[PDB]
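Residue numbers (my numbering), protein chains in the order written: chain A, -1 to 121; chain B, -6 to 500.
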Ligand SMILES: *[C@@H]1O[C@H](CO[C@@H]2O[C@@H](C)[C@@H](O)[C@@H](O)[C@@H]2O)[C@@H](O[C@@H]2O[C@H](CO)[C@@H](O)[C@H](O)[C@H]2NC(C)=O)[C@H](O)[C@H]1NC(C)=O
Ligand SMILES: *[C@@H]1O[C@H](CO)[C@@H](O)[C@H](O)[C@H]1NC(C)=O
């Protein structure tokens, strides 16, 4: 089993920047594609960004293109979501998910989930 | 380092090793970084493992109410990688999920030996599908090893019978330096000598030896030429190809008949370019007809729907040199994206040894089934007698195991865990003008030789006698016909009363 642990969330003033980290356990990390998610209260969970197992192939949702950038350090088993120009409608719990098979994104079969880190965008 | 596994859940979990990638290069052999993905020895055998286990689970006659799972790991056709993954197999057994009951493979006989030396310690039965070394028959060294292929001894046996059925009592012998060549040639020497067949002289050479070396070999073969024209070659393909290239270089094409081992069965990479030298050759080919239902299953597979083969996406993108757009294992550096029109049907070639992979899997299944019926008689499922499964008892039941195979062949193991051999005898005939191709001439089924005859060549040392045979310090097949006295009668072929006179038959 793989463990995914998020960090880097908290309170952030609107228009600021915040960098979420997702650390994985196990030496299988380089074989999994990764995806960020967000759950806001009273709203259905949506896909934010995704990166392939090799990296070098990134995908972004329309609501965050041009503001977020997803990356991964394979030597550290870590995924990163850099969030810029934070809007109050970004406030949610961001989750980290590992998937191995699937079709074109967002249609991936996510095998492992993280606990999530809260991002609160004050006005 | 950092390897994935192909798993499938079940009540009993059967392990397997397949070379999903090529073996590392000499620089990266210590890092154990393997090469590119392999289709026939890899992906196809993996998918066959998966789908054959599906079929056996769906079979009510075989293991009812017992599910079979699997843990499939990458062997890279390399002993270091294979031993690594076998340690990963017994990892869970050391500390005391769902330990491994048996293992399928691997391919190389050396790699199979290396894996066996480890698996025997934890009493894990092993069944192989392409490792044919005679070394693996010694059950004091390889107690938990069994194969559904005939060993090289059976190839030597079939060649001895071929030599018998054409009265080729004096032949030359060439074998390739190594385990295959020397083991098979020793078996050929013994079996042919016991059948009254003599060797003019035995030779050995590596495939990588120079044109120098094969020219010397061909000249030494010509040394025997008037009497010994058939060259029994227990040789891997490139040795035969080197002999053909030497026959080209010296212009001696068609002064010999080559009797090739399975190392050159119908391999075109041997005779291509020098067909005219090789015409007339007779070879042995391991009979393995294609499995239709495997093609049915495998050709329908799409990367979008294959959710259990972890290597299937790099395989797909390497097959059609494209880039799976937006996929989890999307690979860059491909200059085009993958169409929805791509299919595995395009230039499909089934694995040559597919039937044997499937028969090894069925062997494991039927062994588990017979063990279940002997330990859990009134049950349909695992009772406490098989909780856990005693590898000793599984081996005991597998040595007794016996079914009808994927092609109708009855699969069975001897006292050494060896399987009988059915090869088909090929002839490299000239098919008209400037077309050369292998032709099925005969069949050898566990000693029973049948050949579709009239498709001659004389290789004898001496002609028969009229009324005794006497030999010099040379071999038993090279004799002189010495007459007897007028009062002497022919006692037997080799060795020559009062009041009586030798009969009109000289009996
Ligand atoms: C070899 O095995 C057969 C039976 O084994 C079966 O093989 C498959 C074809 C399939 O039917 C599986 O269910 C089995 O594993 C033996 O035939 C049996 O012979 C006895 C008489 O000795 C007879 O009473 C049984 O009914 C037969 N079994 C069947 C299924 O018909 C055969 O004797 C075995 N031969 C050797 C040399 O071991
Ligand atoms: C398995 O056992 C159940 C009873 O528990 C029975 O209904 C079912 O038919 C059995 N399946 C097979 C394949 O024998």
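Cβ coordinates follow ideal geometry from the N, Cα and C atoms, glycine included.
Please classify residue 165(B): does DSSP put it in a helix, a strand, or coil?
The answer is strand: DSSP assigns residue 165(B) an E or B state.
Are three or more beta carbon pairs between the stretch 271 to 289 of chain B and the stretch 1 to 17 of chain B nearer than 8 Å?
Result no; under three Cβ-Cβ pairs closer than 8 Å.
By the criterion of Cβ-Cβ separation under 7 Å, what are the contact partners of residue 54(A) in chain B?
Within 7 Å Cβ-Cβ: 325.
Name the chain B residues whose beta carbon is nearer than 7 Å to that of residue 98(A)?
Under the 7 Å cutoff, chain B gives 303, 321.
Taking only the alpha-carbon atoms, compute the straight-line gap between residue 157(B) and residue 481(B) and give it to the nearest angstrom.
One C-alpha to the other measures close to 32 Å.
Using 8 Å as the cut-off, can you tell me whether the stretch 19 to 31 of chain B makes contact with the stretch 81 to 90 of chain A, which would need three or more C-beta pairs spanning the two stretches below that distance?
In short, these stretches do not touch, since the Cβ pair count stays below three.
If we call anything under 8 Å between Cβ atoms a contact, is residue 303(B) one with residue -1(B)?
Taking 8 Å as the Cβ cut-off, residue 303(B) and residue -1(B) qualify as a contacting pair.
In angstroms, rounded to a whole number, what distance separates the CA positions of residue 444(B) and residue 13(B)?
Answer to the nearest angstrom: the Cα atoms are 38 Å apart.
Please confirm whether residue 106(A) has its beta-carbon closer than 8 Å to some beta-carbon of chain B.
So, interface residue.
Can you list the alpha helix (DSSP H) stretches of 4 or more residues lying completely in the stretch 268 to 329 of chain B, in chain order?
Here the runs fully enclosed are 268 to 271, 285 to 292, 305 to 312.
Opposite residue 191(B) in the DSSP bridges: which residues?
Answer by DSSP bridge pairing, in chain order: 163(B).
Taking only beta-carbon atoms, is residue 31(A) less than 8 Å away from chain B?
Closer than 8 Å: yes.
From residue 500(B) to residue 143(B), what distance separates their C-alpha atoms?
If I take the Cα positions, the gap works out to 45 Å.
For residue 145(B), is the classification buried or exposed, using 16 other Cβ atoms within 10 angstroms of its Cβ as the cut-off for buried?
Under this definition residue 145(B) is a buried residue.
Using Cβ-Cβ distances below 8 Å, what residues of the stretch 23 to 49 of chain A are close to chain B?
The stretch 23 to 49 of chain A vs chain B, Cβ under 8 Å: 25, 26, 28, 29, 30, 31.
Closer than 7 Å to a non-hydrogen atom of ligand 2 - does that hold for the CB of residue 58(B)?
Checking every heavy atom of ligand 2 against the Cβ of residue 58(B), one is found closer than 7 Å.
In the DSSP assignment, the alpha helix (DSSP H) including residue 351(B) goes from what residue to what residue?
Counting along the chain, the alpha helix (DSSP H) containing residue 351(B) begins and ends at 347 to 368.
If you follow the beta strand (DSSP E) that residue 4(A) is part of, which residue opens it and which one closes it?
Looking at the DSSP string, the run of the beta strand (DSSP E) that includes residue 4(A) is 1 to 5.
Residues of chain B with CB closer than 7 Å to the CB of residue 102(A), please, in chain order.
Those within 7 Å of residue 102(A) in chain B are 318, 319, 320.
List, in chain order, every chain A residue whose beta-carbon is nearer than 9 Å to that of residue -5(B).
Simply 25, 26, 27, 28, 29.
Is it the case that the Cβ atoms of residue 417(B) and residue 436(B) are separated by a distance below 8 Å?
Cβ atoms of residue 417(B) and residue 436(B): closer than 8 Å.
Using the beta-carbon of each residue, which ones in chain B are nearer than 7 Å to residue 51(A)?
Neighbours of residue 51(A) on chain B, chain order: 321, 322.
What residue ranges within the stretch 70 to 102 of chain A form continuous beta strand (DSSP E) runs of no fewer than 3 residues, ordered along the chain?
Within the stretch 70 to 102 of chain A, the complete beta strand (DSSP E) runs of at least 3 residues are 76 to 81, 90 to 100.
With DSSP run on the structure shown, which of helix, strand or coil describes residue 341(B)?
Looking at residue 341(B) - three-state DSSP - the assignment turns out to be coil, as it is neither helix nor strand.
When you compare only the Cα positions, how much space is there between residue 70(A) and residue 47(B)?
Rounded to the nearest angstrom, the two C-alpha atoms are 37 Å apart.
Looking at C-alpha atoms only, which residue of 382(B), 244(B), 19(B), 431(B) is the closest neighbour of residue 212(B)?
Residue 244(B) is the option with its Cα nearest to residue 212(B).
Determine the chain A residues that contact residue 300(B) at a beta-carbon separation under 7 Å, and present them in chain order.
Correct list: 99, 107.
My guess is that residue 431(B) and residue 259(B) are in contact by the Cβ rule of under 8 Å, so how many angstroms apart are they, rounded?
Contact holds; Cβ gap of about 4 Å.
Rounded to a whole number of angstroms, what is the C-alpha to C-alpha distance between residue 36(B) and residue 308(B)?
Approximately 7 Å between the Cα atoms of the pair.
My understanding is that residue 95(B) touches residue 357(B), with C-beta atoms under 8 Å, so please give their C-beta distance in whole angstroms.
Right, their Cβ atoms sit about 5 Å apart.
So, does the stretch 219 to 232 of chain B touch the stretch 481 to 491 of chain B, judging by three or more C-beta pairs under 8 Å?
Contact fails: fewer than three Cβ-Cβ distances are below 8 Å.
Tell me whether residue 358(B) counts as near ligand 2, meaning its Cβ is closer than 7 Å to at least one heavy atom of that ligand.
Checking the Cβ of residue 358(B) against ligand 2 gives no.
Should the stretch 245 to 253 of chain B be called in touch with the stretch 308 to 320 of chain B, which here means at least 3 C-beta pairs below 8 Å?
As far as the Cβ criterion goes, the stretch 245 to 253 of chain B does not touch the stretch 308 to 320 of chain B, which means the pair count is below three.
Check whether the stretch 323 to 334 of chain B and the stretch 352 to 370 of chain B are in contact - that is, three or more C-beta pairs closer than 8 Å.
The answer is no - the stretch 352 to 370 of chain B does not touch the stretch 323 to 334 of chain B, with fewer than three Cβ pairs under 8 Å.
Using a Cβ-Cβ distance cut-off of 8 Å, determine whether residue 297(B) contacts chain A.
Judged by the 8 Å Cβ criterion, residue 297(B) is in contact with chain A.
Report yes if the CB atom of residue 386(B) is closer than 8 Å to the CB atom of residue 366(B), and no otherwise.
The answer is no: Cβ separation not under 8 Å.
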